[PDB]
Amino acid sequence: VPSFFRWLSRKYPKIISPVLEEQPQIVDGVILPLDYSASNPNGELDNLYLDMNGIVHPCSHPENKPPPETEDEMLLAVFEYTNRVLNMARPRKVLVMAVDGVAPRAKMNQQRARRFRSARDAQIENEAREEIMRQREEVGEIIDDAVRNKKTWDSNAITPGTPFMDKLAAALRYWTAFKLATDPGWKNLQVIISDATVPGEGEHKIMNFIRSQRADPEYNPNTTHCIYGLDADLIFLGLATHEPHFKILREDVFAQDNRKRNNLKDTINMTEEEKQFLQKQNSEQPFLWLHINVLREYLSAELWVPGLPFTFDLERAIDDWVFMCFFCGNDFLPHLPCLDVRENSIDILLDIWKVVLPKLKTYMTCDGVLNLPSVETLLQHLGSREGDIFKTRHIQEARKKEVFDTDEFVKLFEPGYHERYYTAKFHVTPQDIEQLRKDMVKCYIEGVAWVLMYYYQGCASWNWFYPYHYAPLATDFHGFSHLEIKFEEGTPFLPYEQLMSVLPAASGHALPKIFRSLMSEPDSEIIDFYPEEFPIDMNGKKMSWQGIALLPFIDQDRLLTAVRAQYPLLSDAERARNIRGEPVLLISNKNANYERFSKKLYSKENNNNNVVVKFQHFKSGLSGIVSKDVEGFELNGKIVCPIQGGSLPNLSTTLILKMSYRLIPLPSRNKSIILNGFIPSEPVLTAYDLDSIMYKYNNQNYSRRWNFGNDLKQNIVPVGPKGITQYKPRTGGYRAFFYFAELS
Amino acid sequence: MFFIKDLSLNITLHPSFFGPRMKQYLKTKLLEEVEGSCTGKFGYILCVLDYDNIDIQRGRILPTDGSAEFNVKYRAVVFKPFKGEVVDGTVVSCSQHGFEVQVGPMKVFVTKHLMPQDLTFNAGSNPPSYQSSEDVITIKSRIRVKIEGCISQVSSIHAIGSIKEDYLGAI
Amino acid sequence: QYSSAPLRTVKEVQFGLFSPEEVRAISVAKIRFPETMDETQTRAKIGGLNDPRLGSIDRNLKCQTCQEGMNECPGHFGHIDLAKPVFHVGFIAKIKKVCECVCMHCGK
Amino acid sequence: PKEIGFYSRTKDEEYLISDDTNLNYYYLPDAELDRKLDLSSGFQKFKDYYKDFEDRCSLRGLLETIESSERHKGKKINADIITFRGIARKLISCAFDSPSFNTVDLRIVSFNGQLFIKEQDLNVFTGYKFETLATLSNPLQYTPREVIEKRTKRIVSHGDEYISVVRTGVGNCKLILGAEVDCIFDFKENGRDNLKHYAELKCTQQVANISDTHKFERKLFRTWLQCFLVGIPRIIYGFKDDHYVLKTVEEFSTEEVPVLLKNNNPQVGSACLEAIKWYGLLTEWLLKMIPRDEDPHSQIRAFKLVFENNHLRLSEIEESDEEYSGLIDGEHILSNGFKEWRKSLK
Amino acid sequence: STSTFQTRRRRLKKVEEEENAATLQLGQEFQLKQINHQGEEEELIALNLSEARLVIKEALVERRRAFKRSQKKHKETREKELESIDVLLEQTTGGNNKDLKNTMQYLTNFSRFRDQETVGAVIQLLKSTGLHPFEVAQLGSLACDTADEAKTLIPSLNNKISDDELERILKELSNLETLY
Amino acid sequence: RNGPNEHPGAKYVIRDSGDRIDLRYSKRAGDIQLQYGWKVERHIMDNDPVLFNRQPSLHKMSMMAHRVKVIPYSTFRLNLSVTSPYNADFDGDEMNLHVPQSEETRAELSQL
Amino acid sequence: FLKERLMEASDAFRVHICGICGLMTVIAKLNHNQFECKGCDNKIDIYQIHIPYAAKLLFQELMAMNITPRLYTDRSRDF
Amino acid sequence: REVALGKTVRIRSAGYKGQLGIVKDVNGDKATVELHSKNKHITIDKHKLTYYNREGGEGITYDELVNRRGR
Amino acid sequence: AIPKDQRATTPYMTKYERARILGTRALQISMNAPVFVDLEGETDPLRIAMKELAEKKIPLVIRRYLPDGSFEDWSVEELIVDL
RNA sequence: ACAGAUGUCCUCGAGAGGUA
Ligand SMILES: [Mg+2]
Ligand SMILES: [Mg+2]
Ligand SMILES: [Mg+2]
Ligand SMILES: [Zn+2]
Ligand SMILES: [Zn+2]
């Protein structure tokens, strides 16, 4: 269990809810196929969004049993995992499948380092295994070369643009077509596929899709949404969507912290009994719910401030909270030295905001736009307060105490660390200290603005990068009250450009012959950007893999020249994958809009591949723009199964309709306003919980063990609309008078 | 095949409804509870007849709390999947596993080793169906199914059917 | 806690002996290894005297047989397959008396 | 109920045709309700354009949109009675309340067979301010946050009202009404009927006892009758107090208000049936002896209807009356377009 | 939920008998001569598929007139049958009762007999034999052509060997079902 | 509102669901709204029937139900005529006290 | 009062008893609403009773002593 | 969070004027302050009682919230 | 079995019966349950129970079990309360 | 892609000295 999960469970305990996973009955050896049209015990669900990376990644190269066969085993595992998730959630309106693709230049800074660290770990473990076999062979035993050559799955090879992504995308389409054809309950379900060709990080695609579904006047505000992902920030990102009917599904990491991890050798000691018990135990994986509707009430009861010149708005209150949480920690910028734990600093930042809010005469952020003087005052107050936090952290570290090593020599607890911290990154020169401080201030402000725009109003630069490795220390951004931030739109990177900007190590061989020849040659124009020994590992507090790299950045112009030089001699078949592509929408044979789609597109009109159809959410759902498919799909045809050894029956094209889906362009800026006609959920909170969250509780102090206990006693929480009227009865009369009479 | 029985259900009425209309309260409770219940011992309680006839007895007040338990005596139509008989049903789903034949409020499943070897799965036609010589079953078709399943009555009942031997087809 | 089973009061208690078939059937695990916490002194050995299928031993780990902790787990029962039949200490006198009553060569 | 057409009547009284000049969209989160907004504001800053109106019951836009509908279509419709949502409401409601509460002045003309009938301050200003603060003109999702924040410190004006023609009738008798729609609650469909999506909002005082409950019941009866005469499915009421502060806003959908008055005192429960029967009897009396022109260019006469002593005294006036000259010949309620259309087909 | 008192050592009978097979061998609770609520010794009913539809329809209309008068005091072929059944079920039972629609549809689209006189004739014909009501219910529910087909589809019918009267009443059932 | 510190007050507020609220730890001086059907664990007040017993309990008069009267000293006080059935003196004797936890038990102790 | 002092005031336990066994060897899954007795294949004849924990310990020790204290919720006088 | 925690305080006014004790548990407005000479606990308002140094020194009122420190 | 109305127990209410009815009624009034008398300014459930029992307005039935197993039902209103 | 800690009560069999 992560520290963030523990923090959110301690501060907000009721957000943890139990799940109801159906177990199909087994009679006479056979397995009863579970129904899909039956009512879901976990409440009605309409929209489900799934990050396909979060399923294809754990299935491949797992920590218990690596797939012994070829990619086929991983494909079967991800197919059964997706089937289990679909049966658990049971979407009724639209099911969304998205996998990571092209990402903006800011993401390469940390993704490249993570991939290189993983590759180095794989290389060193392979060397250790080779040494183990060499020592074992000295005794006299003989091991087949197949076992020795049976290396890992090369997790670094899973990158957008590789043929593995294309093979996975081809398999996914067949799987969803088979599911739509063979399941009568999928008649109204609509499935979209966002392959690795489509740019996005997996979650930003979901944000764009939900803002495009909210880009229609007739969109129902009462629709429920579910997003499944293992990322910790996923539960936090869904709050920014301003959708009360939201809940996050994820695996129960509380049990998985100390789950079954015994060695395979012990599985044969007791023969049938122990193996049967083990296979029964791991067959069921508990999950949990991360409802956001309840969390909105907790945030409302925790962000209240008495006395304010402006008007307290719940929608605007969450904006400052999400901006501050992103500032404290995100996967786009280096961690602030002051905010390292990222858990205990949240309350300090919140009370700083509470004490500075009366001084300010305006809100923190306005629809993603950061108020420059207000944020300047906030960071000035934090820097004034950061001294006490730094002193307490140093005292705690000293009490606890009682690969380059850089932070140890800094000795931040001693007075005068302002230049001592910067000496670990640059030379000992006075004016250079000020120059680097100003540059870091400008870069950090630009990065904060860029991440706010990306997570609120979508991508705005697509090429911005962070040209630094160490975040500025406390009392930063002293004078910056004159800069104006205005980002420029840039074209997304090509799949090959993004793949080489990820910069896999020499172990990776997903590149074609030309690119690997241009790399492996000792006299390479970009050989300086590709280390071999990788000695850039550096601790900087923390431990284990949490250390960051210090390798030099990559110049975009050199990589562009390299790709433009390698392009002309590449084969046309391989170059055919350079197309950005568009998401593909799949609908059932008996869909409400199926007749209209079959009469408009792929019909007797026989237009020259330029007719598009725009439809609203009044009929069926999934508002958007559909276009002619660019693949080989055609009416009265057949689709070849790519799984091969999967015993999957072939299907015809008359059962599944395939077309290219394009999101509706945003007319105006995506504001944060609750849509009219939204029906609030049932009132579940009590004033006691409001007081509990208003008073500062030191993790409940373990006075009565209220943190952990009858967790299952919280039961399920009702979801969906509750009551025709969207306004709670306050004073008034008639209906409110009758309610008061029946209550009192 | 449906049976008319004389079942009994115990309802623990709360003292908050100990008024002149507690009888009608028990009546509506019995309706809202017994209907749609998939009891393992009996099956489905489709409907309760003679609503204005069912009688209640003196409710015994429990020693623990003031709630009173009433032993009602109702009669209703009960459907049980049973075992060892032929029955007619209508398909509602089809897949490689089998066809989901529906008889009344039931969904009897047929596995691979149940039907004879004269059925092969294919998706060439508009409905995904098992097609072979002189056998035509589809999403909506007539089929006679013989039940030989173990039911497995655990808070709900099920059924497994067979297609072996003649007369178990469309006809 | 809520249980869908009807709540009743015990009206009769029937005593009797335990047949080997019944105790074998109701048993949830078989105990053969005469060791406890033998999983490299980290976990409980499978098939030992502290088999996890018996029930929740400590902390808050739910018993895998019933997916619950201790506040509602009666405690599941195992069994031991004795190599040879063994007399019951409390029934020695009755066994001797019934052996004297009946013939030792025929069941008459 | 079927929609025939619509028109807009903004400032300068140009009576534009088939334009959604305002199409006010309702939007009011509960946070704004809890914000305790003030409905008084700039009372002296009100700009009323009704004073400069040339006619309170002017139907020039209705006549123009009827001409446009007839030009687009072929044969004329079977509806006879035409009312600008004011005569029908008063005629039905006068049988339920005292005649002193309503002023009767009706001018009925049978041109071309069809029938054309033409007829506190602080509370009114507070209601108009609430109406303006409960809408944002252009639909949400297409306006910046600046308009949202400016809506609080906005101005109040009397004009630019969206009016749509609704065709209805019971039995053989059919009639159309020039109903004015000031709010749309859901997505608006272009080229399709929007009656099922429209909504109406008003203001009312709170309740304190049974007498105030009966007053609220009477107001609900009035608004339900006025909506059912057109077909508005949604009714919105904004509660107000002695301090002119919006306390709570609740919506009253149709198909449930009749049962809500039924489960109340018998008077309000039977008021619905009494009003329905009175409307039916009034329509039957209206279709009794009014002359039918049939073919165009026929004799045209005007009638005067006065409701006194619980009786609709109707008399046939002579040509010597000044009103006859100003209507039959003066064409005060008619227009050159209608006579041109009448001469066009015959 | 039970209707019969404990007898014949129910506590520890272990496996008294295997579950019901094709060759009759009824269950412990569904045995003949059930205990009547008011008295005792009530035989199991002989209810067929067509009889079930009429019985449920009669119960539905009885409850319909019941709560219709209560609220008043307080204040083609298959296509026509489906609409009437839907409008009756929409408000009579209330609640959810999803399974009621499926069984009603099955009764309507598989109604062998659609007249009270027809079902009266068929059960007055079937009461002549001493067969188990389970056998007569299946015989009157599923139409059959040959004697061997009836024996195979409906087992535990070996007591009839003559097959002459069996052919006679099979033809009677066939013509009654075609007289719908 | 008084709290568990003053003698007239409560220590816990049992909710309808079953969760227990501790008025000592939570405190906050909050205006908690008590919905109907909830349970409040208040301190024993005057005229509260309790069971008063002495060991050994030879006869039925060795344990009888009294009425609670709160006194400002830490010792059980009883009438002199009551000691005779209890067979107790004031030379160091200690005697137990039992508090009923339900209405029917209180009524049974009061009437029997 | 005696029952309250013996059970509510000291220890109250809820257990499930098989209707055929009479013992407490019933696996209960309240979340899944499953009550199966593996000994008799019983899934529709499960009852719950309230007994003190001391009684539970005594019954378990007796069962360990090869003695079956079968518990039933009906009278056998009706035969 | 609360300043009045583990700091020696002197009770002012009431029947315990001039007494010396250490506050152990603080909740809401009432503060539970133990007594040195007397073996009892008295709950009084935190504002009423003055605040002293653990080692010894001048006494101050509840203005420690502004100072956010001791002494 | 029930002994018709040829009952032969005592036409009066025993002390144990009085205590049991008083406790049951006190619990029922303590919970949200209807009261069939005029509280008249009483707020203790036990006293409300005694007030209800004063004029025999308690809708409770006593089932006196014979040692053999038979039982006869006695209404509260028909039971004489002399103690 | 991802991921470093907490849940409140422990004795148990005995022995000795005393109080009603
Ligand atoms: Mg991420
Ligand atoms: Mg209005
Ligand atoms: Mg003494
Ligand atoms: Zn267990
Ligand atoms: Zn059993």
Side-chain angles (χ1 to χ4, degrees), chain A residues 1-7 9-10 13 50-63 78 98-101 103 107-108 110-115 117-118 121 153 155-160 165 168 196 200-206 228-235 237 250-251 253-259 261 329-332 340-344 400 502 541-547 698-699 703 707-711, chain C residues 56 58-61 69-71, chain F residues 20 22 25 53-58 62 76 83 86-96:
Chain A
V1 68
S3 187
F4 181 59
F5 222 101
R6 276 188 228 92
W7 169 86
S9 61
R10 211 89 163 201
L50 167 58
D51 290 357
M52 258 328 318
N53 64 89
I55 288 308
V56 304
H57 283 318
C59 272
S60 274
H61 51 274
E63 275 76 34
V78 304
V99 48
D100 298 15
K107 198 64 122 150
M108 309 321 113
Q110 310 197 20
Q111 269 195 329
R112 154 152 165 243
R114 196 172 290 105
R115 283 234 193 274
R117 174 161 31 87
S118 163
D121 294 325
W153 192 237
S155 71
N156 332 97
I158 305 137
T159 332
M165 286 327 81
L168 188 126
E201 279 106 311
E203 47 264 10
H204 303 100
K205 290 208 228 177
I206 299 307
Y228 176 36
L230 184 273
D231 211 335
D233 46 56
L234 192 85
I235 69 75
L237 189 45
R250 79 205 320 278
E251 51 95 19
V253 84
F254 285 101
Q256 272 278 349
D257 182 42
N258 300 141
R259 254 296 269 288
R261 48 150 308 177
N330 65 325
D331 200 22
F332 278 108
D340 279 337
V341 177
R342 101 205 168 241
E343 325 282 347
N344 48 9
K400 202 185 203 173
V502 155
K541 304 153 296 186
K542 294 170 293 130
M543 98 171 270
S544 302
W545 37 263
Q546 310 198 344
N698 193 4
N699 62 87
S703 287
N707 38 49
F708 225 95
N710 287 356
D711 43 354
Chain C
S56 274
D58 46 12
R59 230 300 183 270
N60 204 15
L61 38 64
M70 338 198 184
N71 321 324
Chain F
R20 189 170 285 107
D22 202 353
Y25 185 66
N53 158 61
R54 179 177 189 276
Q55 287 108 337
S57 311
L58 295 203
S62 182
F76 283 153
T83 63
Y86 278 143
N87 199 16
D89 36 4
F90 311 131
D91 53 353
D93 289 31
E94 317 198 328
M95 273 183 9
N96 303 153

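Proteins come first, then strands; the chains are lettered A, B, ... in the order of their sequence lines, and each starts at number 1.
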Near-parallel close bases J:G13 and J:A14 (centres under 5.5 Å, planes under 30°): yes
Sugar-phosphate only, base, or nothing, as touched by A:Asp100 at under 4.0 Å among non-hydrogen atoms: nothing
Where the chi angle of J:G15 falls, syn if within 90° of 0 and anti if not: anti
Whole-Å gap separating P (J:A1) and CE (A:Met108): 9 Å
Sugar of J:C9 - north (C1'-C2'-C3'-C4' positive) or south (negative): north
Per A:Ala232 side chain, nearest of listed nucleotides J:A3, J:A1, J:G4: J:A3
F:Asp93 or A:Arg250, whichever maps to the more 5' nucleotide of RNA chain J: A:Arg250
Anti/syn call for J:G7, syn if |chi| within 90°: syn
Sugar-phosphate, base or nothing in reach of A:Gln546, heavy atoms under 4.0 Å: base
Any F:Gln55 side-chain nitrogen or oxygen under 4.0 Å from OP1 or OP2 of J:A20: no
Residue F:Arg54, side-chain atoms from C-beta onward, closest of J:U6, J:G4, J:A20: J:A20
Sugar-phosphate only, base, or nothing, as touched by A:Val1 at under 4.0 Å among non-hydrogen atoms: sugar-phosphate
Sugar-phosphate, base or nothing in reach of A:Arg117, heavy atoms under 4.0 Å: nothing
Closest non-hydrogen atom pair, A:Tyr228 against A:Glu251: CE1-N, 4.3 Å
Any residue meeting side-chain hydrogen bond (donor to acceptor under 3.5 Å, both in side chains) with F:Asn53, in chain and number order, not counting sequence neighbours: F:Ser57
Trace of the salt bridge (charged side-chain N to carboxylate O under 4.0 Å, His left out) decision for A:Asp257 with A:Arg6: CA-CA 12 Å; A:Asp257 182 42; A:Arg6 276 188 228 92; 5.6 Å; no
Close side-chain approach of A:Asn330 to A:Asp233, heavy-atom, < 4.5 Å: no
Contact check, side chains of A:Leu234 and A:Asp51, non-hydrogen atoms, under 4.5 Å: yes
Short side-chain N/O contact from A:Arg114 to OP1 or OP2 of J:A1, under 4.0 Å: no
Check: A:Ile158 and A:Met165 side chains under 4.5 Å, non-hydrogen atoms: yes
Side-chain N or O of A:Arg10 closer than 4.0 Å to phosphate OP1/OP2 of J:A5: no
Separation of atom CG in F:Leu58 from atom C1' in J:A20, rounded to whole Å: 13 Å
Partner set under side-chain hydrogen bond (donor to acceptor under 3.5 Å, both in side chains) for A:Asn53, not counting sequence neighbours: A:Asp100
Side-chain touch F:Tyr86/F:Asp93, heavy atoms, less than 4.5 angstrom: no
For atom NZ of A:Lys541 and atom P of J:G4, their distance in whole Å: 16 Å
Whole angstrom value for the distance that separates P of J:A20 from CG of F:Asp89: 9 Å
Separation of J:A3 P from A:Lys542 NZ (nearest whole Å): 15 Å
Interatomic distance where OH belongs to A:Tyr228 and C1' belongs to J:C2 [whole Å]: 12 Å
Side chain of C:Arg59 (C-beta onward), nearest among J:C2, J:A3, J:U6: J:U6
Using the 3.5 Å cut-off, write out each protein N or O paired with an N or O of nucleotides 17-19 of chain J and the distance between them.
none

Whole-Å gap separating P (J:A1) and CG (A:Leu50): 17 Å
Given J:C2, J:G7, J:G4, the nucleotide with the shortest approach to the side chain of A:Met543: J:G4
Nucleotide of J:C2, J:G4, J:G7 approaching C:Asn60 most closely (side-chain heavy atoms): J:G7
Any F:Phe90 side-chain heavy atom under 4.5 Å of F:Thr83 side chain: yes
Nucleotide J:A1, atom P - distance to CG of A:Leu168 in whole Å: 15 Å
